[PDB]
Amino acid sequence: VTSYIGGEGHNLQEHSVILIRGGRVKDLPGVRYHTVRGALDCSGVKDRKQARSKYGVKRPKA
Amino acid sequence: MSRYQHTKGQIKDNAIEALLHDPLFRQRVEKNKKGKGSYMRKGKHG
Amino acid sequence: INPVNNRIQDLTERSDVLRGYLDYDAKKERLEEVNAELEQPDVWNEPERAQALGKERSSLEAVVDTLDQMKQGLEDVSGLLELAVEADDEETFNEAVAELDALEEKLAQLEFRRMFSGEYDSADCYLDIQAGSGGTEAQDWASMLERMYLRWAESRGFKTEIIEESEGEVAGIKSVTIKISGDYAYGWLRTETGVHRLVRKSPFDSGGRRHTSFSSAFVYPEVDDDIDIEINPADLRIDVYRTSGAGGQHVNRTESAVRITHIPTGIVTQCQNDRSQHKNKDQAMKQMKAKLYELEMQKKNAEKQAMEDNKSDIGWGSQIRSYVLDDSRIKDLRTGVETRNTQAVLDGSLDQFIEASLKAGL
RNA sequence: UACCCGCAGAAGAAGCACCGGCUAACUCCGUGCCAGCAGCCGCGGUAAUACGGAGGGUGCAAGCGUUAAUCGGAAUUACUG
RNA sequence: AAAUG
RNA sequence: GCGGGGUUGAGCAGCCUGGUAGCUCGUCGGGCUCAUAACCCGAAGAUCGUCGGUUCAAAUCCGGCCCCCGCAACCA
Ligand SMILES: [Mg+2]
Ligand SMILES: [Mg+2]
Ligand SMILES: [Mg+2]
Ligand SMILES: [Mg+2]
Ligand SMILES: [Mg+2]
Ligand SMILES: [Mg+2]
Ligand SMILES: [Mg+2]
Ligand SMILES: [Mg+2]
Ligand SMILES: [Mg+2]
Ligand SMILES: [Mg+2]
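- Per the deposition metadata, cryo-EM was the technique used to determine this entry, at a resolution of 2.97 Å.

Right, dumping it as C-alpha cells:
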C-alpha cells in the first residue's frame, strides 16, 4: 500500500518499520492509510503542544 | 528531506527541464476574490 | 581621499562576507588539527595518507593567512589615513594607498579562487531558457528572463548570440538558446541554472488573476569536442574463415569471411559480403569503428542520465529564485538575498544575487 | 479478608479531545498554495475563528482521542415502507 | 463566408 | 566499375550548350481581429559542396577531393 505521513517532519526512510491505521488523504490519488506517529520506527512530531496524542508526542513536563 | 517522485520516468537529457514540464512546477492561478471566478456560494464562515 | 576612504570601508565588509561564506573559524580549526597531525611522526609511515593531509593543510593555511592579512592591512591603511589627512605627509599617504591597492588585489585573488574553482568555470557557455507549463504567461515570463540575461551579459562585457529561438504564437518566447562568449562566462552564469518563479497579475488573462508561472534557465559550458581516436591493431583480433553456402570449389577453399573483435570491449564485427577478403576486412573494420563510436555515445548517455537523475532528486529545490511583482520583492531561495527593486533586477541587475551565490558555492 | 475504631495532615492523587459550517466552544501572534490540515464541504497564495503556538473557551473525565468493525440514521432493496 | 481562446 | 546529384532556412528549377538566380513554402515589416490562426499588402535573403583549371567571362564546360542516391559487383 501507500501511506500518508502526517505532522511536520518525519524520520522515516527505506527499511523503517511502521504502523499504518487507515484513513485516506482526499487529495492524494490512491492513499488510503495514515502512518501512526509514535509507533515503532516512526517518531512523534517535534515541538507539538496541541493534539499531541494524534502525533505521538509526550506531555512536556515542567 | 524526502525525494519528489516525478512523473517523467527516466530522465535522459536534462532534469530541470523535465521537472518544469511536471505537475510540481505547474502553473498556479489564484481564485478571484472579486471579478470573474469570484462568486462564492458560501463564505469561509458561512 | 574620499574615494579611498570609501574603498577602505567597502573592503572590510567584503572581507567579512568572504569569511562568512568560507566558514573561517571551522577552516582554521581544521588547519590546526591537520597541522598537529603532520607534526606527529607516525603519519608519514603511511605515505598515501600523509601526502593527502599535506595537500589539505596548505590550502586551508592559505585561506586563513590571507584572511588574517586582510584584517591587518586595512587597519594599517586606516592608521596611515590619519597621517595622510592631518599631518599632510604625501609620501606616507602614497605608501598607504599602494598597500591598500595590493591588499585589495590579494583579497580579489582569494575571492576569485573561491568563486571560480571549477574546471569549466573559465569557459564560454550556452544559456538555455525554456518556458513553463502556463501557456502565454509562462512564455512571456521566459522572454522576460531571456531579456534580463541579455542585459546582464552586455553589462558584464560578454558577447551574446541568439543561437535558436522558438517564439510564442501570441506573445513571448517558447524557448531560446543563447551563446554567451567571454572570459569566465560559464563560471559567472552557472549558478543561474534552475527554475525561476514569477508571480504577477497576468495581462493575458481575461480574469486578470494572479498567476504563478515558472521557467527554466540551464547554463552549460562549451566543452571542446574531443576527436574520436582510431583503434590500434594490437587491440583487435582478426579471424578469417570460409563463408556460408555460396557456390563452387574456389568458394569452398578460400577464406574470404572476416571476423574482427575488440579485446578490451569484447565487441565483434563479421563480414562476408564481398568475395575479396580485403574488401570484407575493410567493411568489417568500418563496422567495428562504428560500433566503438556507438559504445562511446552510449557510455556518454548513461553517465548523463545518472547526473539527470541526481538533479531530479533535488526536486522542488531546483527553484532558485522568486520574482514576486505583485508585492514587489525578488528573493533568491538558496542564498536568501532580497530586493524590492524588482524592475531594476529584471532590467539586468543580477550581480547582487549572482555574486552571493558564487560565494556560497551553490 | 469484608467491615468497624483510632492517628496525623489539604495532605499522595487530572488529563484527553475539540473551538469554519455540520457541532457545544474565538481571539492575538507566526507562516504566506509553503509548511501543513481534512469525516464531508473545503482551508492555506501577507490582516487564516480551518495550518502551528499562545491566551480564552467547549465537551468528556481516570480516562480521552484515533483506527477497525456492526446496526442506525438510509423509506438508499421500501414485508411494515 | 467565420477555426481557436 | 558505370550513371545521377550537392543552388536563399525546406523542397524543387536553371545547367541543355557559358554570360538573365525563377516556383512553392518559410523568414522579416505593415494591415485585419479583443487576441491568435487563416487572409491581405510590402520587403529581405544564394562565393550555386569544395579546390584547381579552361576561358574576356563559370552555377553552367573539364579535372581532382569530400558527401549523398541508384546500379553493377559475376562463371565455377
Ligand atoms: Mg472545525
Ligand atoms: Mg457553534
Ligand atoms: Mg486540528
Ligand atoms: Mg495572520
Ligand atoms: Mg488551529
Ligand atoms: Mg433500511
Ligand atoms: Mg533540394
Ligand atoms: Mg542558356
Ligand atoms: Mg553566371
Ligand atoms: Mg495573424
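Next comes the rest of the write-up.
## Quick notes on the sheet that holds strand β8 (residues 268-271) of chain C
All names here are of chain C.
Point 1. Taken in spatial order, the three strands line up as β6-β7-β8 in an open sheet, and their pairing is antiparallel. The open sheet has two free edges, formed respectively by β6 (236-241) and β8, since each of these has just one partner strand. Sheet twist, expressed as the average angle between the axes of neighbouring strands with direction ignored, equals 15°.
Point 2. Pairing of strand β7 (residues 257-262) with β8, which is carried by four bridges, proceeds in the antiparallel orientation. Among the inter-strand pairings, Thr 261 is bridged to a residue of β8, identified as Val 268.

## Brief notes about the interface of chain C and chain B
Point 1. Facing the 34 residues of chain C at the interface are 24 residues of chain B.
Point 2. Between chain C and chain B, roughly 2600 Å² of surface is buried when both sides are summed, and carbon and sulfur atoms account for 59% of that area.
Point 3. Salt-bridge contacts for B:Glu30 lead to C:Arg210; the nearest nitrogen and oxygen are separated by 3.5 Å.
Point 4. Our count for the chain C to chain B interface comes out at nine residue pairs in polar contact.
Point 5. Those elements that place two or more of their residues in the side of chain C that touches chain B are β1 (125-131), α5 (136-156), β4 (194-201), β5 (210-221) and α8 (277-314) of chain C.
Point 6. The element that contributes the greatest number of residues to the side of chain C that touches chain B is β5(C), accounting for nine residues.

Definitions and limits used
Each residue takes a number counted from 1 along its chain in the order the sequence is written, a numbering that need not match the entry; residues with no coordinates do not appear. Here every chain gets a letter starting at A, and every ligand a number starting at 1, in the order they are written. The full assembly is larger than what is shown, and all values describe the shown chains rather than the whole. Water and hydrogen atoms were dropped before computing side-chain values, which therefore reflect all heavy atoms in the structure. Residues with missing side-chain atoms are left out of burial classes, side-chain pairs and their counts. Pairing between strands requires that DSSP locate at least two bridges from one strand to the other. Helical segments are the DSSP runs of H or I of at least four residues, strand segments are the runs of E of at least two, and each set is numbered from the N terminus. Throughout, an axis means a line fitted to C-alpha atoms (over the contacting stretch in the case of helices), and angles, computed between N-to-C directions, take values from 0 to 180 degrees. Any two residues whose heavy atoms approach within 4.5 Å at even a single point are treated as in contact. Throughout, the accessible surface (probe 1.4 Å) given up by two parts as they are put together, summed over both, is called the buried area. Definition used for salt bridges: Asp or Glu carboxyl oxygen within 4 Å of a side-chain nitrogen of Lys or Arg. Any N or O atom pair separated by 3.5 Å or less is treated as a polar contact, with the protein-specific requirement of one donor-capable and one acceptor-capable atom, and with residues adjacent in sequence counted only for side-chain atom pairs.

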